Each structure stands twice: as structure tokens, then as C-alpha cells.
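Trainee: Here it is: the structure, laid out below.
The values are calculated or read from the model by the stated rules, or taken from the named source; nothing here is a laboratory result. For neighbour counting, all protein chains shown are included, and Cβ atoms are generated from backbone atoms with ideal geometry for every residue, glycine included.
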There are 4 protein chains.
Amino acid sequence: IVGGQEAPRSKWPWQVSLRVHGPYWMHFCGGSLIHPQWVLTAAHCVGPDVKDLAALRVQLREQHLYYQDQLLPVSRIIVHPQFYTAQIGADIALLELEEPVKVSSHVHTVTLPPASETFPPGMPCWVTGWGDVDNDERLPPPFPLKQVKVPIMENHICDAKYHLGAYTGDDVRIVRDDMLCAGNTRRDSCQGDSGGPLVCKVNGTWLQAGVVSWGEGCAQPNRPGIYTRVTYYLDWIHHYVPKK
Amino acid sequence: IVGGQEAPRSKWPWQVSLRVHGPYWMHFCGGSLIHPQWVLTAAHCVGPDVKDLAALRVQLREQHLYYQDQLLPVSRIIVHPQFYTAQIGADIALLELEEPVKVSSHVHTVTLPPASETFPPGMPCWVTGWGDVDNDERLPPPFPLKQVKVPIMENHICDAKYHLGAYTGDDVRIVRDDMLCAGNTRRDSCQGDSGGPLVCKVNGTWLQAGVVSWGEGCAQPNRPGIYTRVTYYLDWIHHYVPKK
Amino acid sequence: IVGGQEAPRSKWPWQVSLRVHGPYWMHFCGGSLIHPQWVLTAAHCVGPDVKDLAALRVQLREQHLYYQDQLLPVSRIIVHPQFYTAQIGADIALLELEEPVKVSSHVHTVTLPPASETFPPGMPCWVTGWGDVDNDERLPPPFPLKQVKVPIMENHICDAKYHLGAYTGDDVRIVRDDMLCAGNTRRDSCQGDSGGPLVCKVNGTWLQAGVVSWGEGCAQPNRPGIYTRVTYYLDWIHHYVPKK
Amino acid sequence: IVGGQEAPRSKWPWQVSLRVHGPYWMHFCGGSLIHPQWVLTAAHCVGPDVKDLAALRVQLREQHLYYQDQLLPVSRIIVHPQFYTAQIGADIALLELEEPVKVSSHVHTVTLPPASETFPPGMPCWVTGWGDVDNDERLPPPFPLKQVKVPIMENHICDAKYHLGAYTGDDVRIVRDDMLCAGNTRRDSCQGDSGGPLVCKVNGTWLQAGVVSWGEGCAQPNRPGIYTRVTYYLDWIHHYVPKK
Ligand SMILES: *[C@](O)(Cc1ccc(C(=N)N)cc1)C(=O)O
Ligand SMILES: *[C@](O)(Cc1ccc(C(=N)N)cc1)C(=O)O
Ligand SMILES: *[C@](O)(Cc1ccc(C(=N)N)cc1)C(=O)O
Ligand SMILES: *[C@](O)(Cc1ccc(C(=N)N)cc1)C(=O)O
């Protein structure tokens with residue numbers, strides 16, 4: 001997370017760390033607990049190539065990355081059939097936990113938005129994660145969970161900003177309708193934050209607007225971070241994730 | 001160039017090496033001389049972001065990479081307008097030389113293919129460049145120009161191979177129509193070969209079928225090399241490049 | 001610490017970690033508390049070149065490296081005058097803390113051996129530290145304190161081993177008299193443990209036999225770890241460290 | 001070679017490049033031809049740990065590092081028995097070529113200084129090599145052979161500087177008697193030059209004053225380059241290398 005501060009010990013009870021079997025289960029992406037047995041994350045964290053579930057393990061919310069690990073195995077990985085590359089969109093995926101978790105005040109789910117929310121500019125949205133604090137500036141130990149308040153931005157205004165300084169004709173759409181932009185030159189999600197959540201407090205309830213997807217560098221001018229529009233994949237998600 | 005051998009001192013007269021002003025003008029992509037004044041290459045080598053022409057410079061064909069440079073400045077860079085990402089297609093771009101070249105036996109142009117030629121499997125095709133001799137295995141000095149003979153693949157079988165081991169549904173074309181495939185587990189282009197020419201001998205003559213675009217690594221099984229199908233952009237090329 | 005295990009949360013009270021002011025106060029060497037206001041460590045961790053005290057910092061014994069840092073600043077650095085290189089010997093130094101520490105069950109001084117001791121082969125000795133667990137294999141997070149039990153080796157046997165496979169004449173001494181050897185092809189200290197302690201349980205008492213000084217790699221055949229022999233610099237240590 | 005320029009195609013006929021069989025025979029040190037069948041180089045380049053001659057190979061003087069290689073195998077390697085560390089001394093070794101060379105105007109031997117010769121402060125001495133051009137700044141291809149003119153410095157003055165900014169006592173001698181100093185903050189030998197010649201023109205003749213040995217960084221303040229004193233090991237050199 002570029003900019004921001006260390007999230008208070010009881011702030012994002014839905015945050016989860018996706019780990020791989022390295023020399024040690026090393027954090028490779030984030031995700032959010034949307035149902036006691038399902039995790040929502042970016043497909044590019046686990047695709048397009050098939051991953052062996054043994055190599056994967058989930059860590060629910062924790063204030064400092066490796067200090068109190070309690071790795072949960074995954075039972076099934078579901079990546080969107082249209083996903084190939086983040087720039088092409090559809091960068092989203094579900095990880096089914098082998099066993100349901102026991103929700104509490106410190107670990108409980110995030111609410112998906114209704115298929116009628118647009119998350120216009122002005123909304124108080126936040127991105128959270130344990131990713132780099134700047135370009136090629138990794139998060140120094142003790143790996144505290146950082147949060148940042150980012151500003152939504154009209155896809156159209158965004159798409160345009162992405163053409164400034166580029167050879168790409170304007171008739172060519174860079175920012176797809178299934179994506180959502182947010183951030184500025186000093187506030188942005190970054191490498192290692194992928195799969196994490198962008199949640200906005202709509203009418204008092206934290207809703208998950210998007211999933212950290214891609215971008216051209218961390219907090220670069222005219223290059224806001226791109227997130228997957230949750231509302232665009234609400235149905236697909238529900239094919240697997242029951243309502244309650 | 002995975003596989004292959006060092007190329008004869010008089011084999012690929014159209015080969016060029018694009019250089020960036022580093023500590024030195026180090027090579028970063030190849031090209032092909034298609035007109036005494038224009039260089040054909042992959043857009044991804046010089047785009048989508050705008051590049052400083054002074055920071056660029058073209059080196060004509062040579063047997064050993066930095067022994068006898070004779071750098072030529074580039075007058076204009078013309079990246080295809082629909083280009084944003086290699087996977088998305090349109091990975092082609094043109095470079096106009098400030099000054100023409102005095103063609104010879106060791107350095108002359110390559111014949112573009114006719115708009116009809118499809119280069120079906122069975123054609124003898126070669127790829128040329130100074131790139132990695134395997135994944136993360138950089139070409140050792142004296143940096144000899146290597147050539148390798150690759151087998152052409154039909155796009156539908158190429159697309160099919162690409163779906164093997166991938167979560168990406170089959171109704172999702174991974175290998176577009178403006179792309180071509182060539183290569184196998186022991187023969188293929190690799191990092192640093194991008195922008196290079198895939199040429200085939202069609203009826204006793206060397207035509208350039210494709211420009212080294214992307215791939216999922218180097219010489220990996222079921223992930224053959226993707227090249228920009230030249231015939232597709234034949235028109236566009238000609239809009240800038242005069243005939244002869 | 002190559003080989004071994006994670007140490008008990010109440011095992012090595014004298015352990016300290018030296019921190020350099022970087023992006024964060026990173027650990028660069030171990031060190032021991034031998035007096036509530038004096039830290040004993042290897043000269044190479046802080047010399048021969050003069051270091052600035054504002055950049056150096058001592059952290060007391062902690063189970064996991066960066067979790068609950070409580071940095072203490074250093075008042076003075078006293079390297080041994082005869083020091084320039086580890087191989088040449090005299091690899092020892094003292095760090096005067098700014099303020100005395102409040103000794104407890106978890107954090108208290110280690111007993112310096114009497115000038116009479118030798119710690120002959122067969123001594124139950126242990127080395128502890130937060131270093132590499134193998135050559136080029138850094139300590140994976142959460143950085144637990146490790147401990148490994150190592151066999152003391154007689155100098156003359158150790159010097160012979162150091163000649164096996166080397167060009168250096170036998171008459172030439174590699175292992176000096178102010179050095180001590182301990183370890184084998186499976187248990188040894190490593191990069192990062194430098195400056196730490198090698199304590200032995202002498203007649204029901206923990207005595208610091210040496211300081212992790214140098215070696216030709218971690219746990220390598222015919223190259224056991226070389227430690228500074230403390231009895232040798234006792235009088236020197238005492239010119240600054242009050243008795244009790 | 002920090003500072004200096006590319007040496008003329010006929011300036012250092014005695015120059016040689018030592019090569020280790022890697023992915024390719026990479027230059028790891030320089031040396032000099034002191035007799036048609038022996039090469040003199042710094043011991044640390046080939047010791048103290050025994051090396052396999054099948055992996056070493058000597059390339060004679062060549063203007064550009066890998067372009068026109070002609071590797072010669074070694075028959076015997078003789079490391080001075082007192083060697084173990086450069087800071088300790090006796091950094092000198094001899095490689096015997098399998099066959100005598102055919103010396104010529106471009107490739108022939110250098111003259112060894114007479115026992116008397118001292119090389120007073122200010123001497124017109126030169127260092128030549130294909131090493132780093134600055135700390136951590138490697139010599140970029142085409143790897144020209146570089147040279148630089150460095151001023152000799154008296155051992156007692158040089159040793160004085162090696163104490164400036166260092167804890168080491170003035171009573172402790174850092175710059176040993178079998179070493180020699182040369183260079184300054186903008187002209188100095190560097191990483192990869194080890195073993196190369198330090199020749200001085202003394203009364204019309206180029207005499208090999210020293211051998212690049214060690215130093216605390218390249219072109220660093222109060223840390224002039226330390227070379228091995230040749231006059232010092234003459235007798236030994238001659239115990240193997242015949243006179244003429
Ligand atoms: C993701 O962290 C990659 C990623 C995501 C988002 C941004 C951004 N600037 N918004 C940069 C990088 C991963 O895959 O590690
Ligand atoms: C290109 O060389 C990248 C590149 C090109 C081709 C392949 C391949 N497997 N055919 C892999 C990578 C560059 O950008 O340097
Ligand atoms: C020390 O840790 C260096 C060091 C010390 C000891 C050994 C060993 N094999 N016993 C290897 C390396 C430092 O300077 O970090
Ligand atoms: C030598 O090149 C190491 C070396 C020698 C001398 C200097 C110097 N500044 N005089 C720097 C480095 C090797 O072992 O590669």
C-alpha cells in the first residue's frame with residue numbers, strides 16, 4: 001500500500017493472505033472473506049495456469065504478516081472462465097476453504113455490493129494489504145497491515161488518463177467496463193496487494209467495490225490502479241457463493 | 001534463441017538490433033530492415049508508452065553484438081494505434097531511419113509476404129536474434145547472432161495447446177487471428193528476440209511471416225511462440241512504407 | 001544457525017541483536033549481554049572502520065526478531081586495537097549501553113569464563129543466533145531465535161582441517177591461538193550469527209567460551225566455525241567491564 | 001580500472017586474462033607474461049583453496065575481452081605457501097603454460113624489477129585491466145582493455161591513511177612490508193583487475209612494480225590500492241622461472 005497507515009487491530013476482519021509453499025508459506029496476494037467458506041481474490045494470483053492446491057494455503061486476518069500463522073488449506077479453486085490476462089478484464093477468482101471458519105469481531109465477512117451500486121467519485125473507499133509501500137520498496141518487517149483511503153474515478157476519465165503519453169489510439173478502450181479505477185499520485189494499492197479488497201462505506205455498511213487488479217506502476221500520474229468491478233461479477237460469484 | 005546454432009556471417013542481412021542509451025547502448029529487441037529507410041519491429045518493444053528518440057538507436061546486422069557498432073538514430077517511431085498489450089494483439093510498430101542505408105550482400109532488406117500467404121505447417125521457417133539461450137540464461141559474450149529453425153503451427157491447434165493446463169475456457173480465443181505460432185520444446189525464440197523476424201522460404205525466397213511477439217516463457221511444452229502475423233498488417237505497413 | 005532448532009522462549013537471556021539504521025533497524029550481528037551496561041560482540045561487526053553510534057542500536061533478547069522491538073541506543077563502541085581482519089585475529093569488541101538494563105529471568109547477563117578454562121573437545125556447547133540456516137538461505141520469517149549444539153574442536157586438529165584442500169603451507173597457522181573451533185558438516189553458525197555467543201555448560205554453569213568470528217562457509221567439510229577465544233581477551237574485557 | 005582510458009592496441013603485450021570455465025570462459029583476473037611459459041598473478045585469484053587446472057585457462061593480450069579468444073591451458077599452478085589472505089600477505093602465484101608462446105611485438109614478456117629497485121613516490125606507474133570501472137559498475141561490452149596512470153605512495157604514508165577513520169591501533173601495521181601503494185580517489189584498479197600488472201617506466205624500461213592485490217573499495221578516500229611487492233618475492237619467482 002502506497003501512502004496510508006497501519007490499519008488498527010480491528011479494522012478489516014475480512015482481509016486474508018494467500019500463501020504459497022516456498023521455503024516458507026510466503027504471502028503472494030490478498031483476498032477477502034466474503035462467506036465463511038469462500039474467499040474472493042484476483043484470478044491472476046492463481047491463473048490462468050492451473051495451480052496445485054497443496055502449494056496453496058490461506059491465512060485469515062492478522063496484524064503482522066508472519067507472527068501468528070495458522071494456515072488454512074483450500075478445497076477447490078475457481079477462476080473465471082474468461083480470465084486470461086488482467087488487462088483483458090475478468091480478473092477474479094474464488095477459493096473454497098476446506099472447512100468453514102468461526103466468525104468473530106476480529107474475523108468475519110465483508111458484504112458484496114448490490115447489482116445497483118456504481119460507487120461514484122466522492123465515496124470513502126479504502127484499499128488494504130501487505131504489499132509494497134512504493135515502487136520496488138517492499139514492506140519492512142514487522143509487516144503491518146496497511147490501509148489507504150483512495151478516490152474513485154469515472155471509468156471514462158480513467159480510460160482517458162491511460163492514453164495520455166501513450167501510442168494507443170483513443171478509439172481503443174484500455175479501461176474496460178468490468179474494471180474500476182481509484183487512487184492518486186500519493187495514495188494507491190501496489191504490488192503484493194493484488195487480490196485484496198477495495199471497500200467503500202455505503203450507507204454505514206462496508207461494501208466491497210472491487211478487487212485489486214492491475215495498473216502501470218504504483219501511484220503514477222495518469223495511471224490509477226485498476227480494480228475488478230465486483231458488481232459486474234455478482235452473478236458468477238453467486239453461482240458458487242450462496243446467499244448467507 | 002533457444003536451440004539453434006550461431007548463424008553464418010552472411011545469413012540474415014535484414015537483422016537489426018535496437019539499442020537504448022544505458023551506461024551503454026545495450027540491445028533490447030531485434031528488428032528487420034524492410035526498406036532502406038524503415039525498420040519493422042514489435043510495438044511492445046517501443047510502446048505503448050511514448051519513447052525518446054534520442055534514447056533509441058538502431059544497429060544494422062552484425063555477427064557479434066558489440067564489437068563493431070555503427071549506431072543510427074531513428075527519425076520516427078510509429079506504433080500501431082490499436083496496440084495496448086501483446087496478448088491483445090497488434091504488436092507491430094515501424095521505425096523510420098533518419099537516413100537510408102547503403103544496401104549490400106551483408107545488409108539489405110527482407111521481402112514482406114503477399115497478403116495471400118498463410119504459412120501453413122510444413123514450411124521451413126527460421127527465427128533470428130541475440131536473446132536468451134534459455135529461460136533466464138542470457139546470451140554469453142561474444143554475443144553471436146543465433147538462428148533456429150522452428151515448426152509453424154496452425155492457429156486453432158496453437159490456441160488449443162494454449163488452453164491445456166489453463167483455467168481459461170475454450171470459448172475464449174487466446175491466440176488471436178493477427179497472430180501466428182511457431183516453435184516447440186527444444187526450439188523457439190526467447191527474451192530479447194522480441195521485435196525479431198520469423199522468416200520462411202516460400203518458393204525459393206525469404207518472406208517475413210511474423211515478428212517475434214510473446215509466449216508463455218521459452219521452449220515450454222504447449223506454449224508455442226506467438227509472432228505477429230505480418231500479412232494482417234500488410235496494408236498498414238504500406239501506408240507508411242513505399243513499395244521498393 | 002545451520003542445523004539445530006528454534007530455541008525455548010526462556011533459554012538465552014544474554015542474547016542481543018545489533019541493528020543498523022536502514023529502511024528499518026535491521027539485524028546485522030548477534031551479541032551478548034555480559035554486564036547490565038556492556039555488550040560483548042565481534043570487532044568485525046563494527047570495525048575496523050569507525051561507525052556512527054546514531055546508526056547503531058542494540059535490542060535485547062527476543063523470541064522473534066522484529067515483533068516487539070524496543071531499541072536501546074549505544075553510548076560507546078570499544079573495538080580491540082589489534083584488529084583489522086578476522087583471519088588475522090583479535091575479532092572482539094565491546095558496546096557500552098547508554099543506560100544499565102534491569103535484569104530479570106528473561107534478560108540477564110552471561111558468565112565470562114575464568115582465564116584458566118580451555119573448553120576441551122567434548123564440551124556441551126551451544127551457539128545461538130538469527131542468521132542464515134544454510135549458505136545463501138536467509139532466516140525465513142517470523143525470525144525465531146535458533147540454537148544448535150556444537151562440538152568443540154582442538155586447535156591443532158582444526159588447523160589441519162583448514163589446510164586440507166588448500167595451498168597454504170602446513171607451517172603456516174590458519175587457526176591462531178586466540179581462536180576456537182566448533183561445528184561440523186551439519187551443525188554450525190552462519191552468516192548473520194557473527195558477534196553472537198558460543199556458551200558451554202561448565203560444571204553446572206553457562207560460560208561464554210567464544211564469539212562467532214569467521215569460517216569458510218557454513219557447515220562445510222573440513223572448515224569448522226572459528227570463534228574468538230574469550231579467555232584470551234579476558235584482561236582486555238576487564239579494563240572496561242567492572243567485575244559484577 | 002577506475003578512471004583511465006582504453007589502452008592502445010599495442011601498449012601492454014604482457015597482459016593476460018585468466019578464465020574459469022563457466023557457462024563460458026569468463027575473465028576473473030588479470031596477469032602478466034613474465035617469461036614465455038609462466039604467468040604471474042595474485043594468489044588470491046587462484047587460491048588458497050586448490051583449483052582444478054581443467055577449469056582454468058589463460059587468454060593472452062587481447063583488445064576486447066571475448067571477441068577473438070585463443071585460450072591456452074595451464075600445466076601447473078604454484079601458490080606461494082605463506083598465502084591464505086591478501087591482508088595477511090604473500091599474494092602471489094605462478095601459472096605455468098602447457099607450452100611456451102611465440103612472443104612478438106604485440107605479445108611478449110615484461111621485465112621484472114632488479115632487487116634494488118624501490119619505486120619512489122611519484123613514479124610514472126600504470127595499471128591495466130578489464131575490471132570494474134567504478135565500485136559495482138562493471139566494464140560494459142565490448143570490454144576494452146583499460147589503463148590508468150597512478151602515483152606510487154610510500155608504505156609508511158599509505159599505512160597512515162589505512163588508520164585514518166579506523167579503530168585499528170597505529171601500532172598495528174595494516175600495509176605490510178611486502179605490499180606497495182598506488183592510486184588516488186579518481187584513478188585506481190578495481191574488482192576484476194586482481195592479478196594484473198603495475199608497471200613503471202624506470203630509466204627507459206617497463207618494470208613490473210607490483211601486482212593488484214587488495215584495498216577497501218575502488219578509488220576510495222584514504223584507501224589507496226594495495227599491490228603485492230614484486231621485488232619482495234623475486235627470489236621465489238626465480239626458484240621456478242629461469243632467468244631468460
Ligand atoms: C498485484 O499486487 C499486482 C498489482 C496490483 C495493483 C497495482 C496498482 N498500482 N493498483 C499494481 C500491482 C500482484 O499480483 O502482486
Ligand atoms: C521479447 O523478446 C519477449 C519474448 C519474446 C518471445 C518469447 C517466445 N517464447 N517466443 C518470449 C519472450 C522482449 O520483450 O525482449
Ligand atoms: C558473521 O555471521 C560471519 C560468519 C560467521 C561464522 C560462520 C561460520 N560458518 N561459523 C560463517 C559466517 C557476519 O559477519 O555476519
Ligand atoms: C581483485 O580485482 C580485487 C581488487 C583488487 C584491487 C582493488 C583496488 N582498488 N586496488 C580493488 C579490488 C579481485 O580479486 O577481482
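Trainee: Of the residues that make up the range A:169-178, is at least one closer than 26 Å to residue A:17 by Cβ, touching a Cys at 6+ places or on another chain (Cβ under 9 Å) and away from ligand 3 (no atom under 16 Å from the Cβ)?
Mentor: The answer is no; no qualifying residue exists.
Trainee: Right, another one. For the list (1) of a type outside the set (A, V, I, L, M, F, W, C); (2) within 16 Å of ligand 1 (Cβ to nearest atom); (3) over 15 Å from the mean Cα position of the chain (by Cα), I need the number of the one condition that residue A:242 fails.
Mentor: All conditions are met except number (2).
Trainee: Among the residues of the range C:129-159, write down those that are of a type outside the set (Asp, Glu) and over 30 Å from residue A:20 (Cβ atoms).
Mentor: C:149, C:150, C:151, C:152, C:153, C:155, C:156, C:157, C:158
Trainee: If a residue has to be surrounded by fewer than 18 Cβ atoms within 10 Å (Cβ to Cβ), of a type in the set (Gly, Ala, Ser) and more than 7 Å from ligand 1 (Cβ to nearest atom) to count, how many in the range A:178-233 make the cut?
Mentor: 1
Trainee: Is there a residue being in contact with a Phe, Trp or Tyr (Cβ under 7 Å, 6 or more places away or on another chain) and more than 14 Å from chain A (Cβ to nearest Cβ) anywhere in the range B:152-168?
Mentor: yes
Trainee: Here is a check on your reading of the model: is residue D:139 not in a loop (DSSP other than H, G, I, E, B) and not basic (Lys, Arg)?
Mentor: Taking the combined requirement at face value, the residue does not satisfy it.
Trainee: Of the residues A:82, A:87, A:70, only one is outside the structural domain of residue A:202 (by CATH), closer than 24 Å to residue A:176 by Cβ, over 18 Å from the mean Cα position of the chain (by Cα) and more than 16 Å from ligand 3 (Cβ to nearest atom); which?
Mentor: One residue alone meets the criteria, A:82.
Trainee: Given the criteria touching a residue at least 60 places away in the same chain (Cβ under 8 Å) and within 14 Å of chain B (Cβ to nearest Cβ), does residue A:78 qualify?
Mentor: Yes, satisfied.
Trainee: Search the range C:211-224 for residues being more than 17 Å from residue D:84 (Cβ to Cβ) and either assigned to a strand (DSSP E or B) or more than 13 Å from chain D (Cβ to nearest Cβ) (or both), and hand back the single one that is nearest to ligand 2 (Cβ to nearest atom). Let's see the steps before the verdict.
Mentor: Let us first name the residues in the range C:211-224 that are more than 17 Å from residue D:84 (Cβ to Cβ), namely C:211-212, C:218-219, C:221.
Still in the list and also either assigned to a strand (DSSP E or B) or more than 13 Å from chain D (Cβ to nearest Cβ) (or both): C:211-212, C:218-219.
Details: C:211: 50, C:212: 45, C:218: 37, C:219: 39 Å.
The extreme case among them is C:218.
Trainee: Would you mind finding the one in B:75, B:104 that is outside any strand (DSSP E or B), more than 14 Å from the chain's Cα centre (by Cα) and at negative phi?
Mentor: Going through B:75, B:104 in turn, the sole match is B:104.
Trainee: Does the range D:175-187 contain any residue that is within 14 Å of chain C (Cβ to nearest Cβ), touching a residue at least 60 places away in the same chain (Cβ under 8 Å), within 12 Å of ligand 4 (Cβ to nearest atom) and touching a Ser or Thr at 6+ places or on another chain (Cβ under 8 Å)?
Mentor: Yes: the range D:175-187 contains one or more residues that are within 14 Å of chain C (Cβ to nearest Cβ), touching a residue at least 60 places away in the same chain (Cβ under 8 Å), within 12 Å of ligand 4 (Cβ to nearest atom) and touching a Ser or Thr at 6+ places or on another chain (Cβ under 8 Å).
Trainee: Any chance you could count how many residues in the range B:57-114 are of a type in the set (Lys, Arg), more than 27 Å from residue A:167 (Cα to Cα) and surrounded by fewer than 19 Cβ atoms within 10 Å (Cβ to Cβ)? It would help to see each step written out before you state the result.
Mentor: Residues of the range B:57-114 of a type in the set (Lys, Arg): B:57, B:61, B:76, B:102.
Retained after the next criterion (residues that are more than 27 Å from residue A:167 (Cα to Cα)): B:61, B:102.
In the following step, the residues that additionally are surrounded by fewer than 19 Cβ atoms within 10 Å (Cβ to Cβ) were identified as B:102.
Total meeting the criteria: 1.
Trainee: Would you point out the residue of the range C:1-51, among those that are of a type in the set (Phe, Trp, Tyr) and part of a loop (DSSP other than H, G, I, E, B), that is nearest to ligand 4 (Cβ to nearest atom)?
Mentor: Filtering the range C:1-51 for residues of a type in the set (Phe, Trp, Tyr) gives C:12, C:14, C:24-25, C:28, C:38.
Within this subset, residues satisfying the condition of being part of a loop (DSSP other than H, G, I, E, B) are C:12, C:14, C:24.
Working: C:12: 38, C:14: 38, C:24: 31 Å.
Among them, the one singled out is C:24.
Trainee: Let me ask something else. Go through the range A:95-129 and give me each residue that's of a type in the set (D, E, K, R) and either in contact with a helix residue (DSSP H, G or I) (Cβ under 8 Å, 6 or more places away or on another chain) or assigned by CATH to the domain that holds residue A:203 (or both).
Mentor: A:96, A:117
Trainee: Sticking with this one: In the range A:18-44, what residues are crowded, with 17+ Cβ neighbours inside 10 Å and within 12 Å of another protein chain (Cβ to nearest Cβ)?
Mentor: Across the range A:18-44, the qualifying residues are A:19, A:25, A:27, A:43, A:44.
Trainee: Give the residues of the range D:113-132 that are under 15 Å from residue D:210 (Cβ atoms) and touching a strand residue (DSSP E or B) at 6+ places or on another chain (Cβ under 7 Å), sorted by residue number.
Mentor: Once the filter is applied, which keeps residues that are under 15 Å from residue D:210 (Cβ atoms) and touching a strand residue (DSSP E or B) at 6+ places or on another chain (Cβ under 7 Å), the range D:113-132 yields D:113, D:117, D:119, D:120, D:121, D:123, D:124, D:125, D:126, D:127, D:128, D:129.
Trainee: Can you name the residue in the range B:190-204 that is over 8 Å from the mean Cα position of the chain (by Cα) and not in a loop (DSSP other than H, G, I, E, B) and is also farthest from ligand 3 (Cβ to nearest atom) among such residues? Before you say what the answer is, go through the steps one by one.
Mentor: Initial filter on the range B:190-204 (over 8 Å from the mean Cα position of the chain (by Cα)): B:190-192, B:199-204.
Keeping just the survivors that are not in a loop (DSSP other than H, G, I, E, B) gives B:199-201.
Numbers: B:199: 54, B:200: 57, B:201: 59 Å.
Here the answer is B:201.
Trainee: Among the numbered conditions (1) within 19 Å of residue D:14 (Cβ to Cβ); (2) at the interface with another protein chain (Cβ under 9 Å from one of its Cβ atoms); (3) of a type in the set (A, V, I, L, M, F, W, C), tell me where residue D:83 comes up short.
Mentor: The single condition residue D:83 does not satisfy is (1).
Trainee: Do you know which residues across the range A:57-75 are away from every other protein chain (no Cβ under 12 Å), among the charged types (D, E, K, R) and within 21 Å of residue A:190 (Cα to Cα)?
Mentor: The one that is away from every other protein chain (no Cβ under 12 Å), among the charged types (D, E, K, R) and within 21 Å of residue A:190 (Cα to Cα): A:61.
Trainee: Looking at C:90, C:54 in this structure, which one is within 14 Å of chain D (Cβ to nearest Cβ) and either in a loop (DSSP other than H, G, I, E, B) or within 25 Å of residue A:138 (Cβ to Cβ) (or both)? Give the steps one after another, and end with the answer.
Mentor: Values: C:54 fails: within 14 Å of chain D (Cβ to nearest Cβ).
So the residue among C:90, C:54 that is within 14 Å of chain D (Cβ to nearest Cβ) and either in a loop (DSSP other than H, G, I, E, B) or within 25 Å of residue A:138 (Cβ to Cβ) (or both) is C:90.
Trainee: Limited to the range C:142-173, what total is found for residues that are assigned to a loop (DSSP other than H, G, I, E, B) and either charged (D, E, K, R) or out of contact with any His (no Cβ under 7 Å at 6 or more places or on another chain) (or both)?
Mentor: 11
Trainee: Is at least one residue of the range C:125-144 more than 14 Å from chain A (Cβ to nearest Cβ), surrounded by fewer than 21 Cβ atoms within 10 Å (Cβ to Cβ) and either among the small types (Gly, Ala, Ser) or within 13 Å of residue C:193 (Cα to Cα) (or both)?
Mentor: Checked the range C:125-144: no residue is more than 14 Å from chain A (Cβ to nearest Cβ), surrounded by fewer than 21 Cβ atoms within 10 Å (Cβ to Cβ) and either among the small types (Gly, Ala, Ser) or within 13 Å of residue C:193 (Cα to Cα) (or both).
Trainee: Could you please let me know if residue B:190 is free of Cβ contacts under 8 Å to residues at least 60 places away in the same chain, of a type in the set (A, V, I, L, M, F, W, C), away from ligand 4 (no atom under 16 Å from the Cβ) and assigned by CATH to the domain that holds residue B:115?
Mentor: No: the conditions fail for residue B:190.
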